[PDB]
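**Q** Sequence and experimental coordinates follow.
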Amino acid sequence: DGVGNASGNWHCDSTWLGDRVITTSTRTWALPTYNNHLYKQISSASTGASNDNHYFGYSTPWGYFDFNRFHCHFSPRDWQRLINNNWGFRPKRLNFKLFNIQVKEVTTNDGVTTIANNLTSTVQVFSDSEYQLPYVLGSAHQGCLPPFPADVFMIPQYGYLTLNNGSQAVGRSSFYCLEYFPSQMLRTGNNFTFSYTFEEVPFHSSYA
Amino acid sequence: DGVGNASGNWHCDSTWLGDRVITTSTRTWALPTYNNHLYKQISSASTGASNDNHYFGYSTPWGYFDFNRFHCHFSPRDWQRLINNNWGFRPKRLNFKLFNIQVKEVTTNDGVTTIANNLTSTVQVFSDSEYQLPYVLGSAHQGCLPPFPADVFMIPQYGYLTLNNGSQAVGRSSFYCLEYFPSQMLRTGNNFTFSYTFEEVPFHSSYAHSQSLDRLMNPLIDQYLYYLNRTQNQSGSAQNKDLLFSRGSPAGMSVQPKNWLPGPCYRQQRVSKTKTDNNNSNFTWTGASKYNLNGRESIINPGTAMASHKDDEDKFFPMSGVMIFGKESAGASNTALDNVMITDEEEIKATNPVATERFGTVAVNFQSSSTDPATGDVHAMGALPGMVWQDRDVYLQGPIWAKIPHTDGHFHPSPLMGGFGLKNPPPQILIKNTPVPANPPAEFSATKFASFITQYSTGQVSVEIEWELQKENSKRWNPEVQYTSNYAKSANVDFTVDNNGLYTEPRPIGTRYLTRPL
Amino acid sequence: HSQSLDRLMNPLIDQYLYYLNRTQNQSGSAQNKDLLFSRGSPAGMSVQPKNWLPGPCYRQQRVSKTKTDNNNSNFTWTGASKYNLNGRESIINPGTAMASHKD
Amino acid sequence: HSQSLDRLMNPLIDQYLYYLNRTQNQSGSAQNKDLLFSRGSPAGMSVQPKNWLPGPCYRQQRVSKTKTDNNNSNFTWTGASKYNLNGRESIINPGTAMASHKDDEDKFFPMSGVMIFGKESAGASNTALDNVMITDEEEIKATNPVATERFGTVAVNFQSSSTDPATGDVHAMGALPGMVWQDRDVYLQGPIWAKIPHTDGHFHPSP
Amino acid sequence: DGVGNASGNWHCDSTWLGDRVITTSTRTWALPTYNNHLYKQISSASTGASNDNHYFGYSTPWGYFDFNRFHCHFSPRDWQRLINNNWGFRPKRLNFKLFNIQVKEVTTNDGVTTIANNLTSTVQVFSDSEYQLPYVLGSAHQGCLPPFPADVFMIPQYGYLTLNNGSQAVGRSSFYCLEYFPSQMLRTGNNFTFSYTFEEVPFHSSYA
């Protein structure tokens, strides 16, 4: 509980139990300000695209965490110790944690830009556990956790697409204001945790 | 519990209890950012080295704490109060603590670089208590705690070596990411503590022997065992070959039947401390005792614990058979003799051979009426049964422990630098600054980060080892040899600071001062 | 082992122990015999003070698997390492556990 | 021991391990260098793969009990195995527990490798052979080397198409792993115990 | 318990009880950095002195508190109310306290030297209650508490003398590293207190 007190430790171990493996993975992140806090609507009119590449959507000032690659959780050794003596695997439950938050204010003055430290600024975090936003994950995008644990990554920008009569909207094109979701404002001494349990999915056939 | 609250006190006392001494030692440390947070791989390709000096490894952004010298825990007074009235010592348990952490961010602006104070930045500390990283400690490196408690030191950089086909890797060369270890992120109000218990190691022999190994007999009484004395008569008429046996022998002690043997040997070379009493060559690689491991050579250095020189022949030292420490104003390459501290290892002359001379001679052939009996010269000698020795002396400057390598076999696991061989040594405590990046751009880019905030941390660190003493039980009459300071009109007191605050150690202090019979 | 015995050091940090480096000066005027000690040595690892020793030895003889890279003799009894027990000999075979060949 | 150390095998059954047998063909046409391996070997027991080693060694010198079968010298200090402790020498005497002599070669004793007791009417200096009792230590010949002869030979150099394979002669041998031995025999006249010296290290503390 | 919380009050009263007087006295102090953190050894070689004024010693980066003058505890009125109607006095017990610690970092830049405030820097304080350092007090030196309570004083530098064969040391000249004493590192929210009881000393004859 900050200021001079850390709100979480670096857990990045991987305990192989008997008929299960628990993989933990901590990363350092960085989140800029996107769109200068605006809900800019994006489309394909300004681009001059083909008929196939037209889109209509909305870009948000919100970031999103994605850990949807296998090297975000498995080292190359733990992958080898997985693929070579197992006929299958599936995830049972995850456990997310967001901690040691540092909000930094930057101020430009003749290219001698100093970075100071806002102790009172907050960060809004919510997990959409009711699946009522467009699920942009599961689309093989960049901006995951890095493969190597000693890398600092940059959080992507959340932006969704909806229905499009070409490069124009249809009356059923949805619009989502994400400040109409209950967030958790996290000042520098606070942390975000939630837990998730995967439903019954079949084992991946890790065999020929 | 910070910010405005200290998370530990300065403990640097040394309580001498009855059959034990507890030494505490706090130091102020400083930790930079190494490799700019990168895992740079290091090898010998860019260096242009010889075949012997090739390596392949990995340097890390992690630091490590090392307190593997005896002056990190003992003052010169507590060392004197240890070596002079104890026949042994060994460590029982240590107790590590890391406290009062201050992470400072530095910012350059036209050489008017200001240092500010990150209250929210963290520091990752873990102790590898399962010994699954390469144990770079136990290698006599710099960057320990300083000898003098009022010095601020800089934490070294952790970097390991692995298998190398020359300057290239082999498929079995391991790679260790140290962020794949559970750390403890320490913001400025937090502290790191752990405790360690040493396993059963034998006491260090902090004594000399008061009696030689070849002089363990009664000088007044002869024996019942005989030896062959003459193979030729003194009748002087001719070659009168006759086997003459003799009861033996108070008047000749070199020819009595003995019962034990002096220790192993591996000869070094005479280097006198007078330059004129040396061969005009170099002679420090071509004529040095060296071992061959995977086609490349390495000087033994020091090797087998042996006596440095013969009696009243104090000027010769074995070429690589002694620990050589350094005084200040010594360079890192080709320093003069006046800047080093060459240790002598002549208190173990009673059991151990001279390092610079053979362990005796053996027979070569079969003597007959024609073939005169030729002998050879044993230079290296392994372990025979019935063989006793003493290990290498520890010093106030020198190392405390080392890790016994995890091998299927090992003979007498005492390190050749002296100290305590430990299968499970004190674990490596590794520490780094958490990377706090600078401003990311407005749009997304997955080429991760080259722009960090240039920062460093400082703090205090206190190590507390408890040592089990072994009291003398001596029934010696006359006074024994002590470590005294020369009471004379001196310009500078030994083991104190100078006119401008440089702490110097004028000579190496061993621990073999008391005596006991063999 | 993932690590050699003569390579158990930190390749980044030097030591506090010194070794004799030169027994002759580089002044090149004459036979300038002088004992030059050196702090040692991240850049030379063969000359650092070590702490352990490699195991025992009892040498065998080079037999290549290519017949042309061998001596034209036999050489399998006359030039083999053997022990003498009660006046009669016997090849060690295998003997001391040692590496078969160099890198 | 009722069985030698180099004879611990089944004399009826061969092995699955092979050894290099010939480095040259019997075709006799030329220098036909060829590596011939052979399954081995009930008919040759000196070349089988063994599993242990005979004990340590430190050679003594042949002194026969017949005066004529000796060198005409003295030869009892100049040609004796001795150790060097603090610049001064001392004969080992007896030293490493080793066999006194080879089979059916009972007249040679090692110069200082045997316990030599005394009968009565023996003097204290330069007594004759008829007044002493030289012990024999040949019952440990099964595990221990002969005191008066090498513990085998080792290689010296690298054999090639030019350098013929030279061997050396091991005279003193320390402790290798995989090495067994028997200690020196006790006698009715000889000592019972001794004190192990109070040292930091000592190898196999038998006197 | 700091930062924004004072760790002691200003007590400077003087209660005259019946057969005793309790004098309290608070002062503001200032402690520089001496010797640039070094144990500089001092002697009389560089001075060029007489035989009588030779010395050999050691100066330390440590300060010391001294309150060994009578006006550090008595006002001129309380002294008059002591000397005029008492045939004697002696001290029974003292009670020391060190509080409201402020560590200030100064930074020079073209003579526009700013003084900032280290919230995390510590101050090491110990009382040598076993008398195993050279007792430089009881020598009538400067650097006590000031007589007047509204003065800020500067803590002296600790430095001792030992045995001297002229301007050189003798083998029995002691050397004392003061970081070989258990200190109490005091960050800005911490305080130092200890208590002392005087042994039986005779009353001072405050009479003619």
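**A** It's in. Numbering: from 1, shown residues only, chains lettered A, B, ... in the order given.
**Q** Would you state the helices of chain A in chain order?
**A** For chain A, the helices defined by DSSP state H occupy A:76-83.
**Q** Just give me the residue closest to the centre of it.
**A** Using Cα atoms, centre = their mean, the residue of chain A that lies closest to the mean C-alpha position is residue A:65, 0.9 Å off.
**Q** Now that that one has come up, it's in contact with residue A:155, right?
**A** Yes. Using Cβ atoms under 8 Å, residue A:65 is in contact with residue A:155, at 6.7 Å. Just so you know, the C-beta spots here come from the backbone N, C-alpha and C atoms, and that holds for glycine as well.
**Q** which residues touch residue A:95?
**A** By Cβ atoms under 8 Å, 6 or more residues apart in numbering or on different chains, the contact list for residue A:95 reads A:193, A:195-196.
**Q** switch to 6 Å and redo it
**A** Applying Cβ atoms under 6 Å, 6 or more residues apart in numbering or on different chains to residue A:95 gives the contacts residue A:195.
**Q** got it, and the one 5 residues further on?
**A** Counting by Cβ under 6 Å, 6+ apart, residue A:100 makes contact with A:6-8, B:122.
**Q** Residue A:114 too?
**A** For residue A:114, the contact set (Cβ under 6 Å, 6+ apart) comprises residue A:107.
**Q** Count residues in the vicinity of residue A:7, would you?
**A** 21 (other Cβ atoms under 10 Å in any protein chain shown).
**Q** From chain D, how far off is it?
**A** 53 Å (Cβ to the nearest Cβ, to the nearest Å).
**Q** same thing with residue A:94?
**A** Computed as Cβ to the nearest Cβ, the residue A:94 to chain D distance reads 52 Å.
**Q** Could you give the number of residues near that residue?
**A** Residue A:94: 13 surrounding residues under other Cβ under 10 Å.
**Q** and the gap between the nearest residue to it once chain neighbours are set aside and chain C?
**A** Excluding the flanking residues, the one nearest residue A:94 by Cβ to Cβ, 6 or more residues apart in numbering or on different chains is residue A:196, at 4.8 Å. If you measure residue A:196 against chain C using Cβ to the nearest Cβ, the figure is 38 Å.
**Q** Correct me if wrong: residue A:196 contacts residue A:91.
**A** No. Using Cβ atoms under 6 Å as the test, residue A:196 is too far from residue A:91 to be in contact (9.5 Å).
**Q** The longest strand anywhere in chain A near chain B anywhere?
**A** If you go by DSSP state E, chain A has its longest strand at strand A:56-63. No. Against chain B, strand A:56-63 shows no contacts by Cβ under 6 Å from any Cβ of the partner chain, the least distance being 9.3 Å.
**Q** what about the residue of chain A found nearest chain C, neighbour count?
**A** At 12.8 Å from chain C, residue A:77 is the closest residue in chain A, using Cβ to the nearest Cβ. Counted with other Cβ under 10 Å, residues neighbouring residue A:77 total 13.
**Q** do the same with residue A:101
**A** Neighbour number of residue A:101 under other Cβ under 10 Å is 22.
**Q** re the thing from before, what are the pairing partners of the longest strand of chain A, and which direction each?
**A** strand A:41-43 (antiparallel), strand A:157-161 (antiparallel) (DSSP bridges).
**Q** For the shortest one, buried residues please.
**A** Translated: strand A:41-43. The neighbour-count check on strand A:41-43 (16 or more other Cβ atoms under 10 Å in any protein chain shown) flags residue A:43 as buried.
**Q** ditto for the last one
**A** By neighbour count on 16+ other Cβ under 10 Å, the buried set for strand A:157-161 is A:157-160.
**Q** Run through who's touching it.
**A** For strand A:157-161, contacts defined as Cβ under 6 Å, 6+ apart pick out A:34, A:55, A:57, A:59-60, A:62, A:64, A:134, A:136, B:444.
**Q** if we go to 7 Å?
**A** Here strand A:157-161 makes contact (Cβ atoms under 7 Å, 6 or more residues apart in numbering or on different chains) with A:34, A:42, A:55-60, A:62-64, A:134, A:136, A:176, B:444.
**Q** CA atoms only: put that strand into CSV for me.
**A** This file holds the C-alpha atoms of strand A:157-161, laid out as CSV (Å, rounded to 0.1, in the frame of the first residue of the first chain):
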residue,chain,number,x,y,z
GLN,A,157,-5.0,0.6,-28.2
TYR,A,158,-8.6,-0.8,-27.9
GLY,A,159,-10.6,-0.2,-31.0
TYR,A,160,-13.5,-2.1,-32.5
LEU,A,161,-15.4,-2.5,-35.7
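**Q** next one: that strand to chain centre, how far?
**A** 12 Å (Cα atoms, centre = their mean, to the nearest Å).
**Q** bridging residues for the nearest residue to residue A:122 once chain neighbours are set aside?
**A** Spatial nearest neighbour of residue A:122, chain neighbours left out: residue A:185 (4.1 Å); criterion: Cβ to Cβ, 6+ apart. As for beta bridges, residue A:185 partners with residue A:124 under DSSP bridges.
**Q** burial count for residue A:185?
**A** Neighbour count of residue A:185, defined by other Cβ under 10 Å: 10.
**Q** so where do the strands sit in chain A?
**A** Shown for chain A, the strands assigned by DSSP E span residues A:14-16, A:21-23, A:28-30, A:41-43, A:56-63, A:93-98, A:103-107, A:114-118, A:124-125, A:152-154, A:157-161, A:184-185, A:192-197.
**Q** Can you point out the buried residues in the last one?
**A** This points to strand A:192-197. Neighbour-count burial for strand A:192-197 flags residue A:192 (criterion: 16+ other Cβ under 10 Å).
**Q** So what touches it?
**A** The contact list for strand A:192-197 (Cβ under 7 Å, 6+ apart) reads A:93-98, A:125, A:127, A:184, A:186.
**Q** now those: which count as buried?
**A** Buried members of the contacts of strand A:192-197, counted by 16+ other Cβ under 10 Å: A:98, A:125, A:184, A:186.
**Q** how about the residues of chain A that lie near chain D?
**A** Applying Cβ under 7 Å from any Cβ of the partner chain, we find that chain A lies next to chain D at no residue.
**Q** Return the residues of chain A in contact with chain B.
**A** By Cβ under 7 Å from any Cβ, the residues of chain A that approach chain B are A:2-6, A:8-13, A:28, A:30, A:32, A:34, A:75, A:100, A:102, A:106, A:112, A:114-115, A:117, A:142-143, A:146, A:148-154, A:156-157, A:188.
**Q** List only buried entries from those.
**A** For the residues of chain A next to chain B, a neighbour count by 16+ other Cβ under 10 Å gives the buried set as A:2-6, A:8-10, A:12, A:28, A:30, A:34, A:75, A:100, A:102, A:117, A:143, A:146, A:149-154, A:156-157, A:188.
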